[PDB]
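*Asks:* so I've got this experimental structure, pasted below with the sequence.
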Amino acid sequence: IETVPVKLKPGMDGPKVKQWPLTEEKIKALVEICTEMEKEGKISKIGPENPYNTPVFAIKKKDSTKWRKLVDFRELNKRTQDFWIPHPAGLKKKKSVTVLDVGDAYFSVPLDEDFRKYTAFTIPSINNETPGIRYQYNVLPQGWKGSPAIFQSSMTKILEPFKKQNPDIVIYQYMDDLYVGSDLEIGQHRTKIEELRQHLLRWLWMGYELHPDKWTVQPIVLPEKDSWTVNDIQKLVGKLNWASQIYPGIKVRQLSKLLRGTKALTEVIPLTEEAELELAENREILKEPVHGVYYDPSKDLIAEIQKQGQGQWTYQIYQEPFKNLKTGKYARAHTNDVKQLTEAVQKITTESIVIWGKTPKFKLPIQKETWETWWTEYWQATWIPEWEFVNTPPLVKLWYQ
Amino acid sequence: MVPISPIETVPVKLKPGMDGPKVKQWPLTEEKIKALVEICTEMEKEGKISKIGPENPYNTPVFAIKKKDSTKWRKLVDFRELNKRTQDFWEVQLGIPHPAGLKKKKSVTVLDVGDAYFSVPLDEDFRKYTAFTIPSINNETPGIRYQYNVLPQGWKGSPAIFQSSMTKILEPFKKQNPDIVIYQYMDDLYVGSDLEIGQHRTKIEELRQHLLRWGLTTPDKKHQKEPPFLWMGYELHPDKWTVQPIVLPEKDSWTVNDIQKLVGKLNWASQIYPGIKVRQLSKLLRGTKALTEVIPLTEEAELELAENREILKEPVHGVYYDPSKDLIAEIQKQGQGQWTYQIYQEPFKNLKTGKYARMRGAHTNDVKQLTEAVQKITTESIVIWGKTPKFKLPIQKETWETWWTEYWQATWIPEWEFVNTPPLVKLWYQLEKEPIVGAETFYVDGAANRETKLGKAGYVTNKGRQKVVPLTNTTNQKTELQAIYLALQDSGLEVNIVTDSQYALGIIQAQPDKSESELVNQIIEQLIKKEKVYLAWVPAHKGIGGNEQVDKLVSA
Ligand SMILES: COc1ccc(C(C)=O)cc1CSc1nnc(C)n1Cc1ccccc1
Ligand SMILES: [Mn+2]
Ligand SMILES: [Mn+2]
């Protein structure tokens, strides 16, 4: 019922981010949402003496039809004084993990009055017909990195009756989300989390289901054929040459030896027994892990995505080139690439939160202007990661195909 | 005394660590000093300013300038220093409303609320920093000390605080008159409705009564300006809008400054005038920023400017927006990376027009450019009308399907239909996904000596065909492209090409149909002529068959 001192980082002012255009239906949804928040004291109108701004938009959360307000606090999050949540390494090892939205608990906690000015946002008007409707927050805002930090004191006390009733459950908080993991059978997992809901009720309706996949890093696979054409062997040598940047003893000499001469690409080449031995030794090398692959919490996570076609997307997460920490494949709108990419980004970010407790920086196979025009139309999560754009087609797409 | 309502005060601060201004009052003539004393005395009895004493250490210079054609001095308080040290505000007018976004309305009335700028109180704690001195005659007595009680003309915060005050005043009137729209712009209130003129003027009279609650006087019916409204460079008529007359400069010795000023004027005209072209006029400003030198022009720039002066000959107008009709956007390819579009709801009655020029770059194609134009028109339409328009595009549905399913990037355009208006956007070649059976296989390679810039480009094939060409004034990248060009030149309609150039593959896999490199353009022209091309890549210096044979041929 009392506020906590919160400041910015030294030598930095509050955010001054431009509001981007919004459709009429999103503007009206935000007008209704913010009108009720104002009556409930959560936000208040502000005057021209507040020069700060943070973008706002509207989403329809997964499996729902009512609009939700999402504030892009990425710039304020970069500029807010850090608050010092040891990420549980056991969460990634649990059989199932459920994501519970608990963001509404923040609105019952007041925000430091001196800091409120920095949370300012603007509901834009169509065609600049009026100046925007300007608001600032009075309570902890959803999406601000300081909200889980400040509420962590209170959140710990709510969960302790549950955590000691179930020492086997792992609970982790990131932003507005609670991640709840156990090793139980799925039926007994649904029930115990419906039990966990009996706390925000006393002291919110939906949940997300997650299961770790077989491999943290998918193995590099080589074809198994009975007849190899010149083209097949050229593609194999290229993939082995690329993998030799990752794996130590990959040899291609005996396989390149088969390509001796100036042969048609479709001519069948019998493999010699030395070449078949080299290929066989390469297979065994590729089934070992990569040497010297460790997570450093001080360094950023990088995620690259490749469009493979037919709704298939490959990705790799790393900190150092050729030292992949995780790789994967996202599959299955059969007509909208951008919607697919936006869902892959959210799925990769959720996996990154579970494993390392932070979001990666994306390298997106898309032009900036196309992505910035459309990604908000399909976004469904309350956090937003960072991203950059790839404008030159990487040769690497083949090697994960 | 009918009690007038007070206007809320906006809290104002100076910038952090900064303090108020202290600028010397410059020597003024006795003629000017007498004029400033009379002006400030009437303002004092009006409550706008008040005398202060020597306790206030801040000062802002005051000047006197004669209003031209008038024998009347006017006061000017140079707030340029206090502005540098006043806090930042949420500023006025993030963007400019576009006339095409106005909804069709029966009547619109303008009220002049200029009498209200000096009827808004200034923050009491901030008045100290608006101090100024009227120097005495012959400088023999202390100067007359004054401070402001209202928003001063020229102070940094006056525009924003004035509009925020009007917005609060106007809020209960808008809510209790939902059928009334009001747009404020400086000292003007544009009040519109769809009421018949009798009920409209009644509502206007109620607004005038509502403004008097705060002691705000407005012009009565006889003194209100009439359509057309001249506003932000537009002419607004009851049913049509256009731009204000675009006047060009007519010199035969051009400079870089005025060519900067007229490209912005041709761009200004392009929002309603169709076919405005500025490409050849804009490529004269290439990296030369001295604003006082001359340069003639080409046989195609005056051909595009012969009509630019001739397009502005007959006035064209846009219409206003009917939210009950569909919003349609149609795009045409103009050639040379230029694109034009029209936004309309009924045929041949445009809401507005515009153009799009391709982004700078080495290689491009028409589908990417059309995609970019679509995204630009989408964002612009969200701003102006709050919705994405339906698109009519000069590209076949099958062409677009083939493009986005095979393109290595994710891409998307919103709901659209094909319109058969040549020239059509098309894919000019499509590489194969598998090697071609029966087609000759060309192993190409190029290499260049970095010092002498001498190099070689060549191929060997599975049928024993070979070529090596020596090159001067070339690089490794150029020899690798030249090698591919040779194979394309010397093969049949179907051909497999094996290269080790990651550079060449990265260019070709981006699917350009036009390039600023004439070598890439010649490759593109060859690709257009072929029926099937399969392009394979192998790593260099690994003894790959054919590739190792041609490698020793071109690096010698
Ligand atoms: C400068 O004029 C502006 C500018 C902006 C606005 C906004 C954003 O509402 C209104 C106006 C008032 S004009 C206006 N407002 N709506 C329409 C239609 N019009 C055009 C018109 C002109 C004269 C008579 C009748 C209709
Ligand atoms: Mn080469
Ligand atoms: Mn070579």
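*Replies:* The structure has been received and is ready for your questions. Numbering: from 1, shown residues only, chains lettered A, B, ... in the order given. Ligands and ions are numbered 1, 2, ... in the order given.
*Asks:* now residue B:81: which helix or strand?
*Replies:* Assigned by DSSP states H and E, residue B:81 belongs to helix B:80-84.
*Asks:* who's in contact with residue A:272?
*Replies:* A:254, A:257, A:258 (Cβ atoms under 8 Å, 6 or more residues apart in numbering or on different chains). No exception for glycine: its C-beta is placed from N, CA and C like everyone else's.
*Asks:* tell me the SS of the most centrally placed residue in chain A?
*Replies:* Central residue of chain A (Cα atoms, centre = their mean): residue A:349, 1.4 Å from the mean position. Three-state call for residue A:349 (DSSP: H, G, I helix; E, B strand; the rest coil): helix.
*Asks:* returning to that earlier point: what's next to the helix holding residue B:81, contact-wise?
*Replies:* B:20, B:21, B:23, B:60, B:129, B:130, B:154, B:155, B:156.
*Asks:* in JSON lines: the residues you listed, plus neighbour count.
*Replies:* Putting the contacts of helix B:80-84 into JSON lines (neighbours: other Cβ atoms under 10 Å in any protein chain shown) gives the following:
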{"residue": "B:20", "neighbour count": "19"}
{"residue": "B:21", "neighbour count": "23"}
{"residue": "B:23", "neighbour count": "16"}
{"residue": "B:60", "neighbour count": "27"}
{"residue": "B:129", "neighbour count": "24"}
{"residue": "B:130", "neighbour count": "26"}
{"residue": "B:154", "neighbour count": "14"}
{"residue": "B:155", "neighbour count": "22"}
{"residue": "B:156", "neighbour count": "20"}
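*Asks:* contacts only, for the closest residue to residue B:196 other than its chain neighbours.
*Replies:* Leaving aside its sequence neighbours, residue B:196 sits nearest to residue B:106 (Cβ to Cβ, 6 or more residues apart in numbering or on different chains; 6.8 Å). By Cβ under 8 Å, 6+ apart, residue B:106 lies in contact with B:193, B:194, B:195, B:196, B:197, B:200.
*Asks:* so which of those residues are in helices?
*Replies:* B:197, B:200 (DSSP state H).
*Asks:* which of the contacts of residue B:106 count as buried?
*Replies:* Neighbour counting with 16 or more other Cβ atoms under 10 Å in any protein chain shown marks B:193, B:195, B:200 as buried within those.
*Asks:* how many other residues sit next to residue 214?
*Replies:* As the question left the chain open, I've gone with chain A. If you count neighbours by other Cβ atoms under 10 Å in any protein chain shown, residue A:214 ends up with 5.
*Asks:* switch to chain B, that's the one I care about
*Replies:* 17.
*Asks:* right, and it touches residue B:119 too?
*Replies:* Yes. Using Cβ atoms under 8 Å, residue B:214 makes contact with residue B:119 at a distance of 7.4 Å.
*Asks:* overlap of the contact sets of these two?
*Replies:* residue B:7.
*Asks:* on that earlier part again, let me know the closest of the contacts of helix B:80-84 to ligand 3.
*Replies:* residue B:156 (64.4 Å; Cβ to the ion).
*Asks:* three-state assignment of whichever residue of the stretch 251-400 of chain A sits closest to ligand 3?
*Replies:* Closest approach between the stretch 251-400 of chain A and ligand 3, counting by Cβ to the ion: residue A:256, at 14.3 Å. Per three-state DSSP, the secondary structure class of residue A:256 is helix.
*Asks:* let me see the contact set for it.
*Replies:* For residue A:256, the contacting residues are A:237, B:542, B:543, B:544, B:545, by Cβ under 8 Å, 6+ apart.
*Asks:* now residue B:54
*Replies:* B:142, B:145.
*Asks:* likewise for the one 5 residues further on?
*Replies:* Residues touching residue B:59, when contacts are defined by Cβ under 8 Å, 6+ apart, comprise B:21, B:22, B:23, B:24, B:25, B:131, B:132, B:133.
*Asks:* now residue B:391: which helix or strand?
*Replies:* strand B:390-393.
*Asks:* contacts for stretch A:42-52?
*Replies:* Counting by Cβ under 8 Å, 6+ apart, A:14-16, A:34, A:37-38, A:107, A:117-120, A:133-139, B:10-13, B:87-91, B:157, B:160-161, B:163-164 sit against stretch A:42-52.
*Asks:* check these against ligand 3, which are close?
*Replies:* When Cβ under 5 Å from the ion is applied, no member of these is adjacent to ligand 3.
*Asks:* can you tell me which of those residues end up in strands?
*Replies:* Judged by DSSP state E, strands contain the following of the contacts of stretch A:42-52: A:133, A:134, A:135, A:136, A:137.
*Asks:* and the third one, how many neighbours?
*Replies:* Burial of residue A:135 is recorded as 22 neighbouring residues (other Cβ under 10 Å).
*Asks:* sorry, back to before: ok, and the most crowded of the ones in strands among the contacts of stretch A:42-52?
*Replies:* The ones in strands among the contacts of stretch A:42-52, ranked by neighbours (other Cβ under 10 Å): first place residue A:137, 26 neighbours.
*Asks:* show me which residues of chain B sit near ligand 1.
*Replies:* With Cβ under 6 Å from any ligand atom as the criterion, chain B meets ligand 1 at residues B:97, B:102, B:104-105, B:108, B:181, B:183, B:190, B:192, B:227, B:229, B:231, B:236, B:238, B:320.
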